[PDB]
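All remarks here apply to the structure that follows.
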Amino acid sequence: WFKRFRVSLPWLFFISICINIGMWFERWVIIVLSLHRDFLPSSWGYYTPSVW
Amino acid sequence: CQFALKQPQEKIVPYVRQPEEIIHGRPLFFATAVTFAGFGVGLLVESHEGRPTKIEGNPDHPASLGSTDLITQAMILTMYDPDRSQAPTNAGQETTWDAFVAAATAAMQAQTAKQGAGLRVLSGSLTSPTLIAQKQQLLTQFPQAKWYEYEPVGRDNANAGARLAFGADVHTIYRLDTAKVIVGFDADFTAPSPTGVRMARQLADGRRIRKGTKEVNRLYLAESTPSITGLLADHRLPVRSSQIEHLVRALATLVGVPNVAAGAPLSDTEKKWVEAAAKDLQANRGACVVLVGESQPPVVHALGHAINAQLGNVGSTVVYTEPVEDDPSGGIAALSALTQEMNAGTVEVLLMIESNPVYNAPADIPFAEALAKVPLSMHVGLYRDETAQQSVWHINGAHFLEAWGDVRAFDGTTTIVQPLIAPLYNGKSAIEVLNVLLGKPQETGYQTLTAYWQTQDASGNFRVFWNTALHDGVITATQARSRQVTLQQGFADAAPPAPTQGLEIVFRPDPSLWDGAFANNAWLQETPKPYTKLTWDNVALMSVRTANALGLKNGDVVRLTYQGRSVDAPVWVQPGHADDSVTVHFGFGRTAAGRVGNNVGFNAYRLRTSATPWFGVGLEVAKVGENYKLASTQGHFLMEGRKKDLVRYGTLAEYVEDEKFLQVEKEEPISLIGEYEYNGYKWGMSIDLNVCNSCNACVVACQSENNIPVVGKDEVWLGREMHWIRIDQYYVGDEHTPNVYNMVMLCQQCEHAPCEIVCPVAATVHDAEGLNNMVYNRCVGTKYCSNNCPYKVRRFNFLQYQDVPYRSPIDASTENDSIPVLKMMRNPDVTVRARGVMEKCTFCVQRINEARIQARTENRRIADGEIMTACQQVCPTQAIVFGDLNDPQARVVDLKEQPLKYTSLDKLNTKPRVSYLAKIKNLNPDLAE
Ligand code: HEC
Ligand code: SF4
Ligand code: SF4
Ligand code: SF4
Ligand code: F3S
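Structure follows, in structure tokens:
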């Protein structure tokens, strides 16, 4: 909202680098947190990713 | 990634002399039986040409009424195991079979110089009349020879209790079809026992709840650990396994037993349980039964016959017959009388029919050091076991599909074990190995089987009698004669000692792997254990209150220190369990099982002490580990408010006032997609959840029928088990005394299937018959069907899941190369699936089509019993009922108009073909508070 953190490129970079990490986490919350726990409790998984 | 422009030149070979009976493409069922403990289960196994591919139940047989156990069903992968002993082995290196009959007969002429002294045999608890007649020929040719019968889950205390109350040994055949209450006492009788399929049908026949049913079974249990009868128990009590000798002494005094001498008092919830279980025993005297399993000492087993003779059950539901097994007074004490004879010489020949006592012996019985003192140790078993390395000689086993044999079931009914296939590796069964020791080495297994039944047939025309016995399976000219008994007095006069404080150990057989004889079976391993849905791990079962006192979570490795031995056990906490009563399971820790059962759990047999062989109170837990793997396959054992959608549970007190009290009389849902018209062969399924004891026989029969791959322990922990049908425990209530409810969750074959609309290449469509068609060759592998499937009954092949306990699935060096002997166990009507396709319960569409197409050639329609799926043909309780829904006089159209018919997830408009009959758990008025 403030121009103090929009014209200042060391502040706009930290804001935008927290969106690429953060909007990855939105698509993690949408995909994994809806899939790993669902209707039936006997099909509740975790998805810790591997190296690949 | 296999790739070619053409498939290679497929050779089609005929026979060279095609036998008359074989039609290529037709199943050709054969009537055999399996020696489980010593008794027959009775089988109807499907041999396509020579190879048996699917074990079913022999519906003529008394034990299995057309339905097998979990272990009995998975004897096909044991048959086609590549880890089976392919050749005899002499002192480590391989050899021939006729080198054995030149070494054994050279040791049999040295025994006739003596009075056959060093000729001990260590078979396991056999009941078969041909091996009894061969033993009684062996013990009359060699006078001082001894036949010891060791069985780790033998009926040792069950027969010592029959000696302690009746004098001589008597066999006890229970009969639950005339039984209103069944007051068990540490008796998992619906387990894989020699009578577990009949005692599960007779218990479930009493509680078939219909539109006009007012009286069902009750099943007071009082179990040590949560056992699979506790799913059918309505008043299961977590007793410490040392107080069950004192609950019966509190129940034998409420009924009339004069010399009970009760002691060691009870708690406020074990005493109000036993004043109400015995109050329902003094009523309905003609139809009631008190059961007690071999975990208990021989005194309470004798008291269990004292109560059943007081209440007048003898002749009504507890019949007493002559003992079907040959040596009932020989068990662990027979193994201990052999090693003290095996020490300091004085034994020269030790035949070991399939027992595996190097692995199975108690710690107080030094069978390892007593072995290799025998100069000629011979072993007969279908695996190179823990004993076969420590034996001098070793023979193949001739697994019962390969060998001519007999077996006697309970009720005494003999059933002939025909070979469905010739021995792949030349097996030389137990009837053929005693032929070498007797002196007839060229006599085949068939030549000594009909030599016995020609002399045990007092009728004429033996060829009609013999061919009918192979056809029907059963004989029933040989049933065990009912014995008049006495019930002698003055047997429980001695007061018991003080109940010793301390944390108790409890020994159990695992329902999957009974005593480690089938620990090399991949179908039994990945099949989830009944309460604690684990696959490849022995665990130490603790209560929630026991682990809270010791301070250990659901995955810590503890070093369970018994009287002198430590075992280094992982921990699985368990809500239904008793306090301070840590339970370990047999069947694990095998060091020479093969490639499946090598080093999967901890060997619980190193803690048996042969004086406390099932439970003892001197345990020290002493946690020494953290964060074990423990590949479980459930995710959440707690119904999270999803009742009305998973297991609708009620009692009979509220069902006799309101029929549809668990139904929701709601308005018809609105669907924008319209609907389709299913007018011919509408296929639906009704799963009666009230009678499912979570036996897991339907999990492993879908596996044997639908070619489902086994998945190793590392990929079950990632939730990639391949199981088309699953049973779901849910643990409703208090975390110390809960109610455990099963939901048999398979593919519901949804009419408005959400898994189909999300398939880009249309690899999942419907029939006009109505069931969901998962076509594997079209699946490109986009796992979106699994995401939109609300029940998550879709199961993706992630890696190349094929022969996974024999090659780890994280390689492509053997991805498209398969084990040749495992190819014979596969059903030829189900696609053996590739690396990246998804699976689903297809209502056994290869069984639907093979009788739909056959009913079209003969221009008729399918009847009701013509199509019976694999999960339906295996369920001992007959919980699953499949059939036509457009047939008005069908069996599933009655079961889907019952007042307990509910579908899972009707909040979504999937419109399933699978409806569930709800659970009603018959609570007593004096105990429901
Ligand atoms: C070459 C691949 C091919 C396959 C695979 C195939 N058909 Fe058929 N098929 C039929 C007829 C007619 C029926 C009988 C339909 C019925 O009875 O409902 C049938 C039925 C079937 C059935 C049995 C359906 C059931 O209810 O059991 C199967 C399976 C089948 N076809 C498979 C005419 C054909 C023709 C026509 C010359 C061709 C070519 C043909 N079919 C080619 C093929
Ligand atoms: S129950 Fe699941 S797998 Fe079966 S048709 Fe419906 S969405 Fe598909
Ligand atoms: S009916 Fe379906 S779930 Fe049941 S055994 Fe057959 S394939 Fe498996
Ligand atoms: S449905 Fe039948 S086979 Fe499956 S767990 Fe229940 S009782 Fe056992
Ligand atoms: S959506 Fe379609 S192609 Fe394969 S795994 Fe799922 S089916």
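Chains as they are written, first to last, in the entry's author numbering: chain C, 368 to 419; chain B, 78 to 1006. Yeah, the Cβ is synthetic: ideal placement off N, Cα and C, and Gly gets one too.
In this structure, the CA atom of B:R540 is about 55 Å from the CA atom of B:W794. Chain-ordered, the chain B residues with CB closer than 7 Å to the CB of C:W411 read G712, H713. Per the DSSP secondary-structure output, B:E171 pairs in a beta bridge with B:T166. Closest option to B:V741, judged by alpha-carbon separation, among B:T173, B:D964, B:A486, B:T980: B:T980. Of the other Cβ atoms in all chains shown, fewer than 16 fall within 10 Å of the Cβ of B:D570; this residue is therefore exposed. Distance from the Cα of B:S144 is smallest, within the candidate group B:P953, B:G632, B:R94, B:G693, for B:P953. The beta carbons of B:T609 and B:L618 sit about 7 Å from each other, so the pair counts as a contact at 8 Å. Burial is judged here by how many other beta carbons sit within 10 angstroms of a residue's own beta carbon; C:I382 has fewer than 16 and is exposed. Taking 8 Å as the upper bound on Cβ-Cβ separation, chain C lies near no residue of the segment 634–649 of chain B. Below the 7 Å Cβ cutoff, chain C contributes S409 as neighbours of B:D805, in chain order.
In the displayed model, B:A617 falls within a strand according to three-state DSSP.
Counting only Cβ-Cβ distances below 8 Å, B:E916 has no contacts in chain C at all, with the closest Cβ about 15 Å away. Residue state for B:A108 is assigned as strand, using DSSP reduced to three classes.
Secondary structure within the segment 762–825 of chain B: the beta strand (DSSP E) runs of 3 or more consecutive residues, fully enclosed, are 803–805, 820–822 (chain order). Shortest gap from the CB of B:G858 to any heavy atom of ligand 5: under 8 Å.
Between B:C921 and B:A947, the gap from beta carbon to beta carbon is short of 9 Å. Here the alpha carbons of B:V694 and B:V958 stand approximately 45 Å from one another. Under the Cβ distance rule, B:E717 counts among the residues neighbouring chain C, one pair being separated by less than 9 Å.
For B:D614, no Cβ of chain C is located within less than 9 Å of the residue's own Cβ. Not one heavy atom of ligand 2 is found less than 8 Å from the C-beta of B:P746. Look at B:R929 here: in three-state DSSP terms it is helix.
Put simply, the CB of C:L402 is near chain B, with a gap under 9 Å to one of its CB atoms. Runs of the alpha helix (DSSP H) lying entirely within the segment 334–404 of chain B, each at least 4 residues long, are 345–354, 356–359, 375–387 in chain order. Taking 8 Å as the cut-off, one finds no heavy atom of ligand 3 near enough to the beta carbon of B:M156. Chain C places no beta carbon closer than 9 Å to that of B:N538, leaving this residue out of the contacts. Counting only runs of at least 3 residues, the segment 241–277 of chain B fully encloses the following beta strand (DSSP E) elements, listed from N- to C-terminal order: 248–251, 258–262.
Boundaries for B:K212: no beta strand (DSSP E) harbours it, while the alpha helix (DSSP H) harbouring it runs 206–218, taken from the DSSP string.
Contact of B:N864 with chain C is assigned, a C-beta pair being separated by under 9 Å.
For B:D483, the enclosing beta strand (DSSP E) has its first and last residue at 482–485. Residues close to ligand 1 by the beta carbon criterion (under 6 Å to any non-hydrogen atom) are, from first to last along the chain, B:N926, B:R929, B:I930, B:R933.
At least one beta carbon of chain C lies nearer than 9 Å to the beta carbon of B:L723. Here the alpha carbon of B:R667 sits roughly 23 Å from the alpha carbon of B:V451. For B:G796, the nearest beta carbon of chain C is closer than 9 Å to its own beta carbon. Interface flag for C:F406 against chain B is set, since a Cβ pair is found closer than 9 Å. At a cut-off of 9 Å between beta carbons, B:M901 makes no contact with chain C.
C-alpha of B:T908 to C-alpha of C:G412: approximately 28 Å in a straight line.
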